[PDB]
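*Asks:* One structure, as structure tokens, below. Some questions next.
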């Protein structure tokens, strides 16, 4: 449901509650995701946070590299949210100028 690991620092209840609090908040997003995993790294230029989630309809990925450890984690999940947004899509929607009518079942699967 929420796994956080790092090869530099340790997992604190604050970092767990921070990310965790955001998970429970992502209700509109709640649809799939099975056993997500987040990793935390660090570079001389700042901190980096990566995350991977497996779902029944594919897999999503997100990463961050802000100078602030907390900002990176927040940014990463930001991409998780921003990613799920594109999953639902929206399109432009277009009917016609009058009404028209075109649809066939006899031939719309074999070649289509």
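Numbering (full-length UniProt numbering), first residue to last: 2 to 113. Heads up, the beta-carbon is just placed ideally off N, CA and C, and yes, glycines get one too.
#1: Quick one: grab the DSSP three-state call for residue 40.
#2: Flag this pair as touching only if the stretch 56-70 and the stretch 90-100 have three or more C-beta atom pairs under 8 Å; answer yes or no.
#3: Take the Cβ of residue 37 as the centre, count every other Cβ of all protein chains shown within 10 Å, and call the residue buried at 16 or more, exposed below.
#4: So, for residue 57: in the same chain, excluding its five sequence neighbours on each side, which residues have a beta-carbon less than 6 Å away from its beta-carbon?
#5: What do you reckon, are the CB atoms on residue 27 and residue 82 nearer than 8 Å?
#6: Can you tell which of 113, 44, 86 has the C-alpha that lies nearest to the C-alpha of residue 10?
*Replies:* Reading off the structure:
#1: strand
#2: no
#3: buried
#4: 33
#5: yes
#6: 44
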